[PDB]
S.K.: 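Below is the structure I would like to discuss, written out as C-alpha cells.
Side chains are part of it too, since the values below use all heavy atoms of this structure and drop only hydrogens, waters and symmetry mates. Proteins come first, then strands; the chains are lettered A, B, ... in the order of their sequence lines, and each starts at number 1. Each ligand, and each atom within it, is numbered from 1 in the order the structure gives.
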Amino acid sequence: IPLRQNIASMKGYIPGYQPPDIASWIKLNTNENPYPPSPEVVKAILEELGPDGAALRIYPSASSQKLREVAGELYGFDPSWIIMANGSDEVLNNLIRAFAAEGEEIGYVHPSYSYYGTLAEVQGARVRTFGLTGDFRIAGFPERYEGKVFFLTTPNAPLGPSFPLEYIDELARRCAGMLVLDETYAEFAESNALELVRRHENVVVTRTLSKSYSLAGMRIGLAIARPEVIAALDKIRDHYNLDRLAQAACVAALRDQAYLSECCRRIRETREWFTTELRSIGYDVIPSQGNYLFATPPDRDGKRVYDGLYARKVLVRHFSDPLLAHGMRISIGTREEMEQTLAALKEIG
Amino acid sequence: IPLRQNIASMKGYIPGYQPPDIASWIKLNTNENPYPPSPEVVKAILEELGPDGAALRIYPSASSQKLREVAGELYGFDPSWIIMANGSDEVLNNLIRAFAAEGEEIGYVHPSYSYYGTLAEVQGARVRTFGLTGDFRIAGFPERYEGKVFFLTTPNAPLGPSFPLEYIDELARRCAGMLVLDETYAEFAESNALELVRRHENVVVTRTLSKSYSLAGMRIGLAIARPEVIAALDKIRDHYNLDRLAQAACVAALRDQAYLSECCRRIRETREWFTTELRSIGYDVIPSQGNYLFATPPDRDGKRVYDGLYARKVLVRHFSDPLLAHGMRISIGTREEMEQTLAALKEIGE
Ligand SMILES: [Mg+2]
C-alpha cells in the first residue's frame with residue numbers, strides 16, 4: 001500500500017564509505033575514541049550481566065532515573081532537567097517530533113550533521129540551511145529565525161571550531177523557536193554552552209557517550225533542557241529506551257571523570273601535534289575543538305589523498321559535498337596511529 | 001513552550017503499577033520469562049565485551065545484516081524481508097511514521113496494547129478501537145477498514161487467545177492500509193501468522209526477544225514484511241539502533257532454538273497446570289496462547305484478589321478498565337512460584 005509521500009520520496013541517510021573488512025585498518029573515519037572505555041564500565045556491565053544473565057529477563061528502568069541523578073550531579077542540574085536516550089540521535093529526532101509539525105521548518109548549519117535533515121524529512125518538516133563565514137559565524141542568518149527548531153553542532157563537525165558562548169547566546173535570542181546545541185564533541189573543547197540552558201528557556205543541549213566516553217558500541221545519550229521540555233520528550237520516547245547493560249555502563253562512565261579527563265587530555269595532545277605536522281607538509285588545517293581535524297592538502301585534491309590513505313589501509317572521511325571535497329576529516333586516534341598516518345601522508349606527497 | 005498541540009495535550013503512557021523494592025517478591029506483572037536467557041547469549045556478550053571493553057569504542061553494525069540473515073534462516077524469509085529494532089516498540093512507531101500522516105487513522109483491538117494509541121498520539125494520528133465478541137472476533141469491524149494501519153496483537157494480551165489464521169486472512173483483505181500482526185507472544189502459541197506476510201502485501205509481523213528469549217532487559221525486536229515495506233522502515237530508523245552487545249546476544253539467542261523450545265515447553269506446561277488448578281477453585285480462565293492467563297475469581301472481584309496478592313508480596317497485573325476490572329492478568333513464572341501463588345489465591349478465596 002501507499003507510504004506517506006515524503007517517506008516514499010526521501011533518500012535514507014548516506015554514511016561515509018567503510019569496507020566490511022576493517023581488521024587490518026587504522027580506522028579514523030567516524031570519530032571513535034582511540035582508547036577503551038573506563039575499566040569501571042567493564043566491571044559494571046559484568047556485574048549487571050551476572051553469572052547466567054538472569055537479570056536480562058527483567059525489563060530495565062523505564063525512567064533511567066539513576067542515570068539522571070548521576071548526570072544531574074555531574075552537570076549541576078536537577079534530574080528533571082535531564083532525559084536519557086539510546087544515543088543522541090533519538091533526542092534529536094524527538095525534538096523534531098515535539099516542536100515541528102509536517103510542513104513546518106527546522107534549520108541547521110551547512111556543513112554540520114546532515115542527519116538533522118534526514119530526521120526532518122521523516123517528519124515531513126521543511127529544511128533550511130545556512131553557511132559559515134571565514135571567521136566561523138553563521139552567514140545570512142535573519143534578524144529572527146522563525147523555524148521551529150535550529151540545530152547547532154558545537155563544536156562544529158566536520159570543521160572543528162567552537163562558537164563563542166556570547167555568540168551562541170545571540171543565536172538563542174534570535175531564535176523564535178528552540179535552539180538545540182548538539183555538544184557531541186564538547187568534552188574535547190575548552191568550553192561548552194551548558195550555562196545557556198539556564199540563561200534561556202528555548203535552549204537544549206545534547207550529549208552522548210559515543211565519542212568522549214568510548215561507548216560508540218553502546219547507544220547512550222542525553223539532553224539537558226528546561227523541565228517543561230524534558231516532560232514533553234518523556235511522553236514521546238519509548239517507555240523502555242535503554243537496556244540494563246547500557247544503564248550500568250552509563251553510570252560507571254559518568255562517575256569516572258578522572259579517566260575521561262585523561263583520555264581527553266591525550267586526544268587533545270595528539271590533535272595539536274598532528275595539526276602542526278600536517279601544516280609542516282603544506283596542509284591547511286582548521287583549528288579544532290573536537291576529536292578530529294578537517295585538513296586540505298596543498299593541491300586541494302582531498303580525494304587523491306583519501307585514495308592514497310585507503311591504499312595504505314588508513315581510512316578517513318571524505319565528503320563529496322562540493323564545499324568539502326577539497327579536504328578530508330581525519331579522526332584523532334592513538335599517537336601511534338597518527339604517527340603511521342603522518343608517515344603515509346608524507347609518502348603520498 | 002511552543003509544543004505541537006497534539007504533543008502538549010497527550011498523556012504519557014501509564015504502565016502497570018510496580019513497587020521499587022521487589023527483590024523478595026514473586027513478580028508476575030509484565031510477562032517476563034521466568035528463566036535466564038540461553039547460556040550461548042551470556043557467552044556471546046562476554047566475548048564481544050572482552051577483558052577491557054575495547055570493542056565498545058567502535059560503532060555497531062548499522063545494518064544488523066548478520067542478524068537479518070540468522071532470522072531469515074529461522075523463519076524462511078530472505079533477509080530483505082526483515083528489519084531489526086531496539087525492541088518491537090521501535091518498529092510499531094516507525095510503521096505509523098511510514099504510513100499514517102497526522103490526521104490519518106490507525107486502529108487496534110480494545111483490549112490489547114494501549115501503547116499503539118500513545119504512539120498514534122505522538123504522530124498526530126486519530127485512533128479508533130474495536131471491542132471483541134464472545135467468539136473472539138472483532139465486534140463492529142467495517143466491511144472495509146480505511147485506517148492506514150491496524151494493529152492486531154496475536155496472541156492477544158491481556159486475554160490470551162490467538163486469532164485463527166483464516167480470520168486474520170479475512171482482516172488483511174478487509175484492510176485498505178497495513179495490517180500489523182504483533183506476535184510478541186507467538187513463541188508460546190500453537191501456531192502463528194508468518195505465512196500471511198507471503199500471501200498478502202499489506203501484512204507485517206513483529207516479533208521480540210523480550211518475552212520468549214528472556215531478554216526484556218536487552219530490547220531486541222524485528223519486523224517481517226514485503227521488501228518494499230522494510231526498505232521504507234530502513235530509511236526511518238536511526239542508522240545505529242542496536243548496540244554491539246545486543247547484536248551479539250541476538251544471534252546467539254536465535255540460534256539456540258533448543259533452549260527456546262525447552263523454555264517455552266516448561267512455560268506452557270505450567271500455564272496449563274495452573275489453568276486447571278484455577279478452574280478447580282472456581283476461577284474463569286480464558287484459554288491462553290501466551291505466557292500469561294487472564295483469570296477471574298468466582299466472586300468476580302479481581303481487585304480484591306490483586307490486593308490480597310500484593311499483601312503477600314505477589315505482583316500481578318490488574319486493569320481498572322471496566323471491561324477487565326473483574327479479573328487479572330497473571331504472568332507464568334516458575335512452577336514453584338505458581339504453586340506459591342496458587343496457595344495465596346486459595347487463602348484469599350477463603
Ligand atoms: Mg496462610
S.K.: Give every residue pair that meets the ring-ring contact (aromatic ring centres under 6.0 Å, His included) criterion with at least one member in residues 320-350 of chain B, sequence neighbours excluded.
M.R.: none

S.K.: Does B/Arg266 make a cation-pi contact with B/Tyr35, if we ask for NZ or CZ under 6.0 Å from the ring centre and within 45° of the axis?
M.R.: yes

S.K.: Is B/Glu269 salt-bridged to B/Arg265, cutoff N-O under 4.0 Å?
M.R.: yes

S.K.: Any salt bridge (charged side-chain N to carboxylate O under 4.0 Å, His left out) pairs touching residues 242-260 of chain B, not counting sequence neighbours?
M.R.: B/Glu48-B/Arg244

S.K.: Under 2.8 Å from the Mg ion (ligand 1), which protein N, O or S atoms do you find? Ignore water molecules.
M.R.: B/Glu347 OE1

S.K.: Rounded to the nearest 0.5 Å, how far apart are CE of A/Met84 and OG of A/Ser63?
M.R.: 11.0 Å

S.K.: Using the salt bridge (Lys or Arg N to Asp or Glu O under 4.0 Å) criterion, which residues pair with B/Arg68? Sequence neighbours excluded.
M.R.: B/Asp234

